[PDB]
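Just the heavy atoms: all of them, side chains too, but no hydrogens, waters or symmetry mates, feed the values below. Letters A, B, ... mirror the listed sequences (proteins, then strands); counts begin at 1. In listed order, ligands and their atoms are each counted from 1.
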Amino acid sequence: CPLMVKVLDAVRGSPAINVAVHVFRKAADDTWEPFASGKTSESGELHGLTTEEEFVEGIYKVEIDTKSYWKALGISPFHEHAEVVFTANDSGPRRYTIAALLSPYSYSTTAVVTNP
Amino acid sequence: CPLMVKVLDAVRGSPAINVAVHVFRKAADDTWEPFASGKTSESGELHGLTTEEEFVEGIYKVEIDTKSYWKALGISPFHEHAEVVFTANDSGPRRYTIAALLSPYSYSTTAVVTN
Amino acid sequence: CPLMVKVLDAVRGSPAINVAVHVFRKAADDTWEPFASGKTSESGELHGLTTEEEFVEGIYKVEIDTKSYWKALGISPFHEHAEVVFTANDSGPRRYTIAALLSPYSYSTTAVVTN
Amino acid sequence: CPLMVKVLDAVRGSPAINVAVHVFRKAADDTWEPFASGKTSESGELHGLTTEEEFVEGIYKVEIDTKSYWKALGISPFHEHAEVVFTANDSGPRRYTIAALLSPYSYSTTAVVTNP
Ligand SMILES: CC1=C(CC(=O)O)c2cc(F)ccc2/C1=C\c1ccc([S@](C)=O)cc1
Ligand SMILES: CC1=C(CC(=O)O)c2cc(F)ccc2/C1=C\c1ccc([S@](C)=O)cc1
(Lines give C-alpha, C1' and ligand atoms only; values in the text may rest on other atoms or scores of the structure.)
(Ligands and ions follow the chains in the order given, each with its own letter.)
Protein backbone atom coordinates (compact mmCIF):
# COMPACT_ATOMS: atom_id res chain seq x y z
CA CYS A 1 0.00 0.00 0.00
CA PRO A 2 2.30 2.79 -1.26
CA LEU A 3 -0.48 5.34 -1.31
CA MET A 4 -2.93 5.87 1.50
CA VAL A 5 -5.34 8.69 2.21
CA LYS A 6 -6.59 9.53 5.67
CA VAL A 7 -9.37 12.03 6.20
CA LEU A 8 -10.57 13.54 9.48
CA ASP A 9 -13.53 15.74 10.14
CA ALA A 10 -12.54 18.71 12.32
CA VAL A 11 -16.18 19.63 13.07
CA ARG A 12 -17.31 16.30 14.36
CA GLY A 13 -13.86 15.19 15.57
CA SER A 14 -14.25 11.93 13.73
CA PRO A 15 -12.85 10.10 10.76
CA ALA A 16 -14.35 11.54 7.61
CA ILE A 17 -16.16 8.43 6.44
CA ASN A 18 -17.23 7.58 2.88
CA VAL A 19 -15.13 10.37 1.38
CA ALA A 20 -14.57 9.90 -2.31
CA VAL A 21 -10.97 10.13 -3.32
CA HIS A 22 -9.77 10.24 -6.91
CA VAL A 23 -6.13 9.83 -7.79
CA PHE A 24 -4.82 11.01 -11.10
CA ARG A 25 -1.42 10.74 -12.66
CA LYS A 26 -0.04 13.32 -15.07
CA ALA A 27 0.29 11.64 -18.46
CA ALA A 28 2.96 12.23 -21.06
CA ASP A 29 0.64 14.72 -22.79
CA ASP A 30 0.44 16.71 -19.52
CA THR A 31 -3.19 15.73 -18.98
CA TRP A 32 -4.45 14.13 -15.80
CA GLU A 33 -5.10 10.46 -16.29
CA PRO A 34 -7.28 8.62 -13.79
CA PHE A 35 -5.01 6.50 -11.66
CA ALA A 36 -7.13 5.14 -8.84
CA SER A 37 -10.04 6.05 -6.68
CA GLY A 38 -11.77 4.87 -3.59
CA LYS A 39 -13.82 5.82 -0.55
CA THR A 40 -12.52 6.45 2.96
CA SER A 41 -13.62 3.72 5.35
CA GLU A 42 -15.20 4.04 8.78
CA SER A 43 -11.69 4.84 10.04
CA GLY A 44 -11.50 7.74 7.57
CA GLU A 45 -8.86 5.73 5.76
CA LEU A 46 -8.48 4.73 2.19
CA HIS A 47 -6.19 1.80 1.65
CA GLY A 48 -5.47 -0.26 -1.45
CA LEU A 49 -5.68 2.60 -3.93
CA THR A 50 -2.69 1.21 -5.70
CA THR A 51 0.20 -1.18 -5.69
CA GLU A 52 3.95 -0.98 -5.54
CA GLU A 53 3.96 -2.08 -9.24
CA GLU A 54 1.35 0.38 -10.41
CA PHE A 55 2.52 3.37 -8.37
CA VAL A 56 5.37 4.41 -10.60
CA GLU A 57 7.18 7.74 -10.65
CA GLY A 58 4.88 10.49 -11.63
CA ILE A 59 3.09 13.63 -10.70
CA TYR A 60 -0.04 12.53 -8.93
CA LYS A 61 -3.10 14.42 -7.98
CA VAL A 62 -5.19 13.19 -5.10
CA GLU A 63 -8.55 14.87 -5.20
CA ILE A 64 -10.54 14.40 -2.03
CA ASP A 65 -14.23 14.97 -2.55
CA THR A 66 -14.73 17.18 0.49
CA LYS A 67 -17.73 18.90 -1.16
CA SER A 68 -19.86 15.74 -1.40
CA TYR A 69 -18.75 14.86 2.10
CA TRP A 70 -20.06 18.09 3.62
CA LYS A 71 -23.20 18.17 1.47
CA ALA A 72 -24.07 14.63 2.62
CA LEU A 73 -23.83 16.00 6.15
CA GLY A 74 -26.23 18.80 5.13
CA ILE A 75 -23.44 21.38 5.23
CA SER A 76 -22.58 23.77 2.39
CA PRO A 77 -18.83 23.75 2.20
CA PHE A 78 -16.60 26.31 0.65
CA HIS A 79 -14.20 24.10 -1.32
CA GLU A 80 -15.02 21.93 -4.29
CA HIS A 81 -12.47 19.45 -3.04
CA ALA A 82 -9.12 19.08 -1.34
CA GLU A 83 -6.52 18.29 -4.02
CA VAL A 84 -2.96 17.37 -3.27
CA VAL A 85 -0.52 17.33 -6.19
CA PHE A 86 2.96 15.90 -5.78
CA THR A 87 5.82 14.22 -7.55
CA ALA A 88 5.95 10.67 -6.28
CA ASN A 89 8.84 8.18 -6.20
CA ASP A 90 11.42 10.52 -7.76
CA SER A 91 14.18 9.02 -5.58
CA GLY A 92 12.72 5.52 -5.62
CA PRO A 93 9.47 4.11 -4.19
CA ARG A 94 8.17 5.79 -1.06
CA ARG A 95 4.95 5.15 0.84
CA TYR A 96 2.77 8.22 0.89
CA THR A 97 0.10 8.98 3.40
CA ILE A 98 -2.00 11.96 2.47
CA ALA A 99 -3.66 13.11 5.67
CA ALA A 100 -6.44 15.61 5.29
CA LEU A 101 -8.34 17.46 7.96
CA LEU A 102 -11.65 18.89 6.83
CA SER A 103 -13.73 21.83 8.03
CA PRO A 104 -16.57 23.33 6.05
CA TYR A 105 -14.41 26.33 5.09
CA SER A 106 -10.92 24.91 5.48
CA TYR A 107 -8.79 21.91 4.82
CA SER A 108 -5.26 20.97 5.31
CA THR A 109 -3.34 18.20 3.74
CA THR A 110 -0.16 16.75 5.07
CA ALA A 111 1.99 14.11 3.51
CA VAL A 112 3.75 11.40 5.43
CA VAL A 113 6.42 10.01 3.14
CA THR A 114 8.26 6.97 4.38
CA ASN A 115 10.93 4.79 2.84
CA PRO A 116 9.69 1.18 2.95
CA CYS B 1 -11.16 43.73 -3.64
CA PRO B 2 -13.56 40.73 -3.89
CA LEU B 3 -10.79 38.12 -3.88
CA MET B 4 -7.68 38.28 -1.73
CA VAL B 5 -5.08 35.59 -1.14
CA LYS B 6 -2.97 35.53 1.95
CA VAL B 7 -0.13 33.11 2.35
CA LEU B 8 1.89 32.37 5.44
CA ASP B 9 4.97 30.34 6.00
CA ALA B 10 4.72 27.88 8.90
CA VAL B 11 8.44 27.13 8.84
CA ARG B 12 9.81 30.64 9.02
CA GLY B 13 6.83 32.14 10.81
CA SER B 14 6.41 34.85 8.27
CA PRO B 15 4.30 35.97 5.39
CA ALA B 16 5.09 33.85 2.34
CA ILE B 17 6.55 36.57 0.16
CA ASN B 18 6.72 36.53 -3.66
CA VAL B 19 4.58 33.46 -3.97
CA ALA B 20 3.11 33.23 -7.44
CA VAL B 21 -0.63 32.81 -7.34
CA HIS B 22 -2.71 32.05 -10.39
CA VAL B 23 -6.47 32.28 -10.32
CA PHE B 24 -8.52 30.38 -12.85
CA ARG B 25 -12.22 30.36 -13.55
CA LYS B 26 -13.85 27.14 -14.74
CA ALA B 27 -14.99 27.68 -18.33
CA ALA B 28 -18.13 25.99 -19.73
CA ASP B 29 -16.00 23.25 -21.35
CA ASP B 30 -14.80 22.41 -17.79
CA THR B 31 -11.31 23.75 -18.47
CA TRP B 32 -9.55 26.19 -16.19
CA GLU B 33 -9.19 29.63 -17.68
CA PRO B 34 -6.54 32.02 -16.39
CA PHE B 35 -8.43 34.77 -14.62
CA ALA B 36 -5.87 36.63 -12.47
CA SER B 37 -2.47 36.19 -10.92
CA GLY B 38 0.16 37.97 -8.93
CA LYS B 39 2.87 37.50 -6.40
CA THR B 40 2.20 37.79 -2.72
CA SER B 41 3.51 41.06 -1.30
CA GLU B 42 5.85 41.34 1.70
CA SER B 43 2.76 40.91 3.88
CA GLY B 44 2.22 37.58 2.08
CA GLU B 45 -0.92 39.15 0.63
CA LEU B 46 -2.07 39.43 -2.93
CA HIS B 47 -4.59 42.17 -3.53
CA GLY B 48 -6.20 43.57 -6.65
CA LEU B 49 -6.50 40.16 -8.32
CA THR B 50 -9.92 41.06 -9.64
CA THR B 51 -12.77 43.56 -9.31
CA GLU B 52 -16.39 43.12 -8.29
CA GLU B 53 -17.38 43.38 -11.98
CA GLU B 54 -15.03 40.60 -13.16
CA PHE B 55 -15.61 38.31 -10.19
CA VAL B 56 -18.79 36.62 -11.29
CA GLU B 57 -20.25 33.48 -9.71
CA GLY B 58 -18.42 30.39 -10.88
CA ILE B 59 -15.85 27.85 -9.86
CA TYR B 60 -12.49 29.29 -9.17
CA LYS B 61 -9.15 27.74 -8.74
CA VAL B 62 -6.43 29.46 -6.81
CA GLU B 63 -3.15 27.87 -7.61
CA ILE B 64 -0.41 28.80 -5.21
CA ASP B 65 3.04 27.99 -6.49
CA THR B 66 4.21 26.61 -3.15
CA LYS B 67 6.93 24.52 -4.79
CA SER B 68 8.83 27.51 -6.26
CA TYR B 69 8.45 29.23 -2.90
CA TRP B 70 10.08 26.39 -1.02
CA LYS B 71 12.79 25.94 -3.65
CA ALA B 72 13.59 29.65 -3.37
CA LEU B 73 14.11 29.09 0.35
CA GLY B 74 16.26 26.01 -0.32
CA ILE B 75 13.65 23.79 1.33
CA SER B 76 12.50 20.54 -0.20
CA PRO B 77 8.76 20.68 -0.84
CA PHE B 78 6.28 17.86 -1.14
CA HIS B 79 3.47 19.47 -3.14
CA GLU B 80 3.75 20.67 -6.74
CA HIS B 81 1.56 23.61 -5.72
CA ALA B 82 -1.42 24.34 -3.49
CA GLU B 83 -4.70 24.35 -5.40
CA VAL B 84 -7.72 25.96 -3.79
CA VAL B 85 -10.93 25.30 -5.71
CA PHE B 86 -14.20 26.86 -4.69
CA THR B 87 -17.53 28.18 -5.86
CA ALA B 88 -17.94 31.93 -5.66
CA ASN B 89 -21.60 32.38 -4.76
CA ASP B 90 -23.21 35.82 -4.80
CA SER B 91 -25.89 34.79 -2.25
CA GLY B 92 -24.65 36.33 1.04
CA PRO B 93 -21.09 37.31 2.15
CA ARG B 94 -19.06 38.47 -0.84
CA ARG B 95 -15.39 39.30 -0.15
CA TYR B 96 -13.22 36.17 -0.26
CA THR B 97 -9.95 35.76 1.48
CA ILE B 98 -8.17 32.57 0.63
CA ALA B 99 -5.71 32.03 3.44
CA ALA B 100 -3.00 29.43 3.02
CA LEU B 101 -0.47 28.28 5.55
CA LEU B 102 2.46 26.58 3.97
CA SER B 103 4.71 23.86 5.28
CA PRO B 104 7.05 21.82 3.12
CA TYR B 105 4.94 18.69 3.49
CA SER B 106 1.68 20.30 4.47
CA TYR B 107 -0.53 23.08 3.43
CA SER B 108 -3.74 24.35 4.90
CA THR B 109 -6.23 26.69 3.37
CA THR B 110 -9.11 28.56 4.84
CA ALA B 111 -11.71 30.78 3.28
CA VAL B 112 -12.69 33.96 5.01
CA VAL B 113 -15.92 35.05 3.37
CA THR B 114 -17.17 38.39 4.71
CA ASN B 115 -19.24 41.54 3.94
CA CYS C 1 1.41 46.82 18.23
CA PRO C 2 4.05 44.17 19.15
CA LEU C 3 1.50 41.41 19.77
CA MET C 4 -1.59 40.82 17.67
CA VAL C 5 -3.96 37.86 17.75
CA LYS C 6 -6.03 36.91 14.77
CA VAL C 7 -8.65 34.24 14.97
CA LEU C 8 -10.57 32.64 12.15
CA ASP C 9 -13.47 30.29 12.11
CA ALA C 10 -13.00 27.26 9.85
CA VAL C 11 -16.64 26.23 10.13
CA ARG C 12 -18.29 29.48 9.15
CA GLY C 13 -15.43 30.77 7.03
CA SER C 14 -15.26 34.01 8.88
CA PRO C 15 -13.27 35.94 11.39
CA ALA C 16 -13.92 34.53 14.86
CA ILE C 17 -15.61 37.55 16.37
CA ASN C 18 -15.81 38.38 20.09
CA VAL C 19 -13.43 35.66 21.08
CA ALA C 20 -11.98 36.36 24.50
CA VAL C 21 -8.22 36.23 24.47
CA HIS C 22 -6.12 36.37 27.59
CA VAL C 23 -2.39 36.89 27.43
CA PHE C 24 -0.21 35.80 30.31
CA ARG C 25 3.47 36.25 30.96
CA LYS C 26 5.35 33.54 32.85
CA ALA C 27 6.40 34.98 36.20
CA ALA C 28 9.66 33.93 37.93
CA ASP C 29 7.75 31.48 40.16
CA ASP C 30 6.65 29.74 36.90
CA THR C 31 3.06 30.91 37.28
CA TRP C 32 1.12 32.60 34.51
CA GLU C 33 0.47 36.25 35.18
CA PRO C 34 -2.36 38.05 33.39
CA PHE C 35 -0.68 40.46 31.01
CA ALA C 36 -3.36 41.56 28.52
CA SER C 37 -6.70 40.49 27.14
CA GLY C 38 -9.44 41.54 24.82
CA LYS C 39 -12.09 40.27 22.49
CA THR C 40 -11.41 39.75 18.84
CA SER C 41 -12.97 42.50 16.71
CA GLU C 42 -15.29 41.88 13.75
CA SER C 43 -12.16 41.20 11.70
CA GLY C 44 -11.37 38.44 14.22
CA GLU C 45 -8.38 40.55 15.24
CA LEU C 46 -7.29 41.74 18.62
CA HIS C 47 -5.00 44.75 18.55
CA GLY C 48 -3.54 46.96 21.25
CA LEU C 49 -2.98 44.07 23.66
CA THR C 50 0.34 45.53 24.70
CA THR C 51 2.98 48.11 23.77
CA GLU C 52 6.63 47.74 22.85
CA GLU C 53 7.56 48.93 26.37
CA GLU C 54 5.43 46.31 28.18
CA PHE C 55 6.23 43.45 25.81
CA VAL C 56 9.52 42.33 27.25
CA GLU C 57 11.25 39.04 26.42
CA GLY C 58 9.67 36.17 28.29
CA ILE C 59 7.33 33.26 27.91
CA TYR C 60 3.87 34.22 26.94
CA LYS C 61 0.67 32.34 26.91
CA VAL C 62 -2.16 33.34 24.66
CA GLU C 63 -5.31 31.71 25.84
CA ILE C 64 -8.09 31.84 23.32
CA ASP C 65 -11.47 31.06 24.78
CA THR C 66 -12.50 28.85 21.86
CA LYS C 67 -15.05 26.99 23.98
CA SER C 68 -17.21 30.07 24.73
CA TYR C 69 -16.94 30.99 21.06
CA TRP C 70 -18.30 27.67 19.90
CA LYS C 71 -21.00 27.62 22.59
CA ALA C 72 -22.10 31.08 21.47
CA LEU C 73 -22.54 29.64 17.99
CA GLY C 74 -24.42 26.63 19.37
CA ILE C 75 -21.63 24.31 18.25
CA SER C 76 -20.23 21.61 20.48
CA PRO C 77 -16.52 22.20 21.04
CA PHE C 78 -13.83 19.74 21.96
CA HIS C 79 -11.17 22.00 23.51
CA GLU C 80 -11.58 23.97 26.73
CA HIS C 81 -9.64 26.76 25.04
CA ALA C 82 -6.71 27.20 22.66
CA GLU C 83 -3.45 27.92 24.49
CA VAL C 84 -0.56 29.35 22.52
CA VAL C 85 2.67 29.42 24.52
CA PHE C 86 5.82 30.96 23.13
CA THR C 87 9.01 32.79 23.93
CA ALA C 88 9.12 36.41 22.86
CA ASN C 89 12.74 36.94 21.85
CA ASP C 90 14.06 40.42 21.08
CA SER C 91 16.84 39.05 18.81
CA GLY C 92 15.51 39.67 15.26
CA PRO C 93 11.89 40.08 13.99
CA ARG C 94 9.74 41.73 16.65
CA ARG C 95 6.02 42.07 15.82
CA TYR C 96 4.12 38.88 16.68
CA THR C 97 0.91 37.81 15.11
CA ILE C 98 -0.61 34.77 16.70
CA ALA C 99 -2.99 33.39 14.11
CA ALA C 100 -5.48 30.75 15.14
CA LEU C 101 -7.88 28.85 12.98
CA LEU C 102 -10.68 27.32 14.93
CA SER C 103 -12.69 24.20 14.31
CA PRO C 104 -14.87 22.53 16.90
CA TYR C 105 -12.50 19.58 17.25
CA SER C 106 -9.39 21.18 15.89
CA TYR C 107 -7.42 24.30 16.24
CA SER C 108 -4.31 25.46 14.48
CA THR C 109 -2.04 28.28 15.41
CA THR C 110 0.69 29.99 13.52
CA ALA C 111 3.09 32.72 14.50
CA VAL C 112 3.83 35.48 12.06
CA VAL C 113 6.94 37.18 13.38
CA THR C 114 7.92 40.21 11.29
CA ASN C 115 9.71 43.61 11.29
CA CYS D 1 -6.08 2.68 24.93
CA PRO D 2 -8.62 5.48 25.52
CA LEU D 3 -6.06 8.20 24.96
CA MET D 4 -3.63 8.26 22.08
CA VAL D 5 -1.46 11.03 20.71
CA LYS D 6 -0.24 11.14 17.14
CA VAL D 7 2.32 13.67 16.01
CA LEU D 8 3.43 14.48 12.47
CA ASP D 9 6.21 16.70 11.28
CA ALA D 10 4.99 18.99 8.48
CA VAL D 11 8.55 20.01 7.51
CA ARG D 12 9.97 16.57 7.01
CA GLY D 13 6.63 14.93 6.13
CA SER D 14 7.27 12.23 8.67
CA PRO D 15 6.00 11.03 11.99
CA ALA D 16 7.35 13.28 14.72
CA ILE D 17 9.39 10.69 16.55
CA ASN D 18 10.49 10.78 20.21
CA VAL D 19 8.15 13.65 21.04
CA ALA D 20 7.60 14.00 24.74
CA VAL D 21 3.98 14.17 25.70
CA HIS D 22 2.75 15.00 29.18
CA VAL D 23 -0.86 14.52 30.17
CA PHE D 24 -2.29 16.31 33.13
CA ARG D 25 -5.67 16.14 34.74
CA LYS D 26 -7.29 19.08 36.50
CA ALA D 27 -7.50 18.21 40.19
CA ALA D 28 -10.24 19.17 42.61
CA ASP D 29 -8.15 22.18 43.69
CA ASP D 30 -8.08 23.36 40.05
CA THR D 31 -4.38 22.58 39.72
CA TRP D 32 -2.96 20.39 36.98
CA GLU D 33 -2.02 17.01 38.29
CA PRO D 34 0.33 14.82 36.27
CA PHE D 35 -1.74 12.09 34.71
CA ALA D 36 0.51 10.29 32.26
CA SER D 37 3.36 10.91 29.93
CA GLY D 38 5.21 9.20 27.18
CA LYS D 39 7.20 9.58 23.98
CA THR D 40 5.89 9.27 20.43
CA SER D 41 7.24 6.16 18.72
CA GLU D 42 8.81 5.81 15.31
CA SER D 43 5.26 6.00 13.93
CA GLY D 44 4.81 9.37 15.66
CA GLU D 45 2.33 7.62 17.91
CA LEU D 46 2.00 7.45 21.62
CA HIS D 47 -0.05 4.55 22.84
CA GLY D 48 -0.63 3.21 26.34
CA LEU D 49 -0.68 6.58 28.09
CA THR D 50 -3.56 5.39 30.16
CA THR D 51 -6.24 2.84 30.73
CA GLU D 52 -10.00 2.68 30.58
CA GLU D 53 -9.95 2.47 34.43
CA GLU D 54 -7.56 5.35 34.98
CA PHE D 55 -8.95 7.68 32.31
CA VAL D 56 -11.90 8.96 34.26
CA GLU D 57 -13.98 12.05 33.57
CA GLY D 58 -11.92 15.14 33.85
CA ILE D 59 -10.38 18.12 32.20
CA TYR D 60 -7.16 16.90 30.71
CA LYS D 61 -4.26 18.75 29.32
CA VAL D 62 -2.04 17.07 26.78
CA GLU D 63 1.17 18.99 26.46
CA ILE D 64 3.22 17.97 23.47
CA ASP D 65 6.84 18.95 23.80
CA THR D 66 7.19 20.42 20.33
CA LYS D 67 10.02 22.72 21.51
CA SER D 68 12.41 19.89 22.45
CA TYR D 69 11.40 18.13 19.26
CA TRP D 70 12.45 21.02 17.02
CA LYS D 71 15.56 21.85 19.06
CA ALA D 72 16.73 18.23 18.76
CA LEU D 73 16.41 18.72 15.01
CA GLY D 74 18.56 21.87 15.33
CA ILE D 75 15.57 24.11 14.66
CA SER D 76 14.49 27.02 16.88
CA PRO D 77 10.75 26.74 17.11
CA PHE D 78 8.31 29.39 18.04
CA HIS D 79 6.08 27.51 20.49
CA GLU D 80 7.04 26.16 23.87
CA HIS D 81 4.71 23.26 23.26
CA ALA D 82 1.42 22.23 21.72
CA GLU D 83 -1.12 21.87 24.54
CA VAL D 84 -4.60 20.52 24.05
CA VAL D 85 -7.05 20.95 26.93
CA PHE D 86 -10.39 19.19 26.89
CA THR D 87 -13.13 17.73 29.04
CA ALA D 88 -12.95 13.98 28.62
CA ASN D 89 -15.62 11.32 29.15
CA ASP D 90 -18.41 13.73 30.15
CA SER D 91 -21.01 11.54 28.40
CA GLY D 92 -19.26 8.29 29.24
CA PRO D 93 -15.90 6.86 28.14
CA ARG D 94 -14.72 7.86 24.69
CA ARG D 95 -11.44 7.06 22.96
CA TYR D 96 -9.51 10.21 22.19
CA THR D 97 -6.89 10.59 19.54
CA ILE D 98 -5.05 13.87 19.74
CA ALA D 99 -3.46 14.37 16.34
CA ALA D 100 -0.89 17.11 16.11
CA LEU D 101 0.87 18.44 13.06
CA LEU D 102 4.04 20.37 13.79
CA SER D 103 5.89 23.11 11.93
CA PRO D 104 8.57 25.25 13.48
CA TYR D 105 6.17 28.21 13.73
CA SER D 106 2.81 26.45 13.72
CA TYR D 107 0.92 23.52 15.08
CA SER D 108 -2.51 22.21 14.85
CA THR D 109 -4.21 19.73 17.04
CA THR D 110 -7.26 17.75 16.11
CA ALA D 111 -9.19 15.38 18.26
CA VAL D 112 -10.70 12.16 17.04
CA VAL D 113 -13.28 11.13 19.61
CA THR D 114 -14.85 7.74 19.13
CA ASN D 115 -17.34 5.77 21.16
CA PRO D 116 -15.81 2.34 21.88
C1 LIG E 1 -2.97 33.40 5.69
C2 LIG E 1 -3.66 33.20 7.01
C3 LIG E 1 -4.20 34.24 7.94
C4 LIG E 1 -4.19 35.73 7.71
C5 LIG E 1 -3.62 36.54 8.85
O6 LIG E 1 -2.85 36.01 9.68
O7 LIG E 1 -3.94 37.75 8.90
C8 LIG E 1 -4.79 33.53 9.11
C9 LIG E 1 -5.40 34.08 10.22
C10 LIG E 1 -5.88 33.22 11.21
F11 LIG E 1 -6.49 33.75 12.29
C12 LIG E 1 -5.73 31.84 11.08
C13 LIG E 1 -5.11 31.29 9.96
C14 LIG E 1 -4.64 32.15 8.98
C15 LIG E 1 -3.94 31.92 7.68
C16 LIG E 1 -3.57 30.57 7.15
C17 LIG E 1 -3.89 29.30 7.83
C18 LIG E 1 -3.52 29.02 9.14
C19 LIG E 1 -3.88 27.79 9.69
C20 LIG E 1 -4.60 26.85 8.93
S21 LIG E 1 -5.01 25.43 9.55
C22 LIG E 1 -3.64 24.63 10.04
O23 LIG E 1 -5.84 24.53 8.46
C24 LIG E 1 -4.95 27.15 7.62
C25 LIG E 1 -4.60 28.37 7.08
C1 LIG F 1 -5.85 12.38 8.91
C2 LIG F 1 -4.80 12.79 9.90
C3 LIG F 1 -4.08 11.93 10.88
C4 LIG F 1 -4.31 10.45 11.04
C5 LIG F 1 -3.02 9.69 11.09
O6 LIG F 1 -2.05 10.18 10.48
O7 LIG F 1 -2.97 8.61 11.72
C8 LIG F 1 -3.14 12.81 11.64
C9 LIG F 1 -2.25 12.47 12.65
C10 LIG F 1 -1.46 13.48 13.21
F11 LIG F 1 -0.59 13.18 14.19
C12 LIG F 1 -1.57 14.79 12.76
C13 LIG F 1 -2.46 15.14 11.75
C14 LIG F 1 -3.24 14.13 11.19
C15 LIG F 1 -4.27 14.15 10.13
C16 LIG F 1 -4.68 15.34 9.35
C17 LIG F 1 -4.24 16.74 9.51
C18 LIG F 1 -4.47 17.35 10.74
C19 LIG F 1 -4.13 18.68 10.95
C20 LIG F 1 -3.57 19.41 9.92
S21 LIG F 1 -3.20 20.95 10.18
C22 LIG F 1 -4.62 21.80 10.37
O23 LIG F 1 -2.39 21.58 8.92
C24 LIG F 1 -3.35 18.81 8.69
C25 LIG F 1 -3.71 17.48 8.47
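Annotation for B/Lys39 and B/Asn18: closest pair NZ-O, 2.9 Å, computed over non-hydrogen atoms.
Rounded to the nearest 0.5 angstrom, D/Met4 CE and D/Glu45 CD are separated by 4.0 Å.
Taking the six-membered ring where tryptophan is involved, the planes of C/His79 and C/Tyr107 are perpendicular, since the angle between them exceeds 60° and thus also 30°. In this pair, D/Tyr96 and D/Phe86 present their aromatic rings tilted. The plane angle is within the 30 to 60° band.
Proximity to B/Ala99 (heavy-atom distance under 4.0 Å) selects the following atoms of ligand 1: 1 (C), 2 (C), 15 (C), 16 (C). The A/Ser106 neighbourhood of ligand 1 comprises atoms 23 (O), with distances under 4.0 Å to a heavy atom of that residue. Close approach of ligand 2 to A/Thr110 is summarised as follows: ligand atoms under 4.0 Å from at least one heavy atom of the residue are 24 (C), 25 (C). Each of the atoms 11 (F) of ligand 2 lies under 4.0 Å from some heavy atom of D/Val7.
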Can B/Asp9 and B/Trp70 be said to form a side chain to side chain contact (heavy atoms under 4.5 Å, CB included), step by step? CA-CA 10 Å; B/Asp9 180 328; B/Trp70 290 119; 3.5 Å; yes

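Residue-to-ligand polar distances place B/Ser108 within reach of ligand 1: an N/O pair is separated by less than 3.5 Å.
Of all the heavy atoms of B/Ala100, the ones lying under 4.0 Å from any atom of ligand 1 belong exclusively to the backbone.
Counting only heavy atoms of the protein, atom 18 (C) of ligand 1 lies nearest to B/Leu101 CB, 3.6 Å. The protein non-hydrogen atom at the shortest distance from atom 8 (C) of ligand 1 is C/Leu8 CD1, 3.7 Å.
Atom 7 (O) of ligand 1 has its nearest heavy-atom neighbour, among B/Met4, C/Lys6, C/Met4, B/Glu45, in C/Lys6.
Within 6.0 Å of CD on C/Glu42 lie no more than 12 heavy atoms contributed by other residues, nucleotides or ligands. Atom CD of D/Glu52 has more than 12 heavy atoms from other residues, nucleotides or ligands within 6.0 Å.
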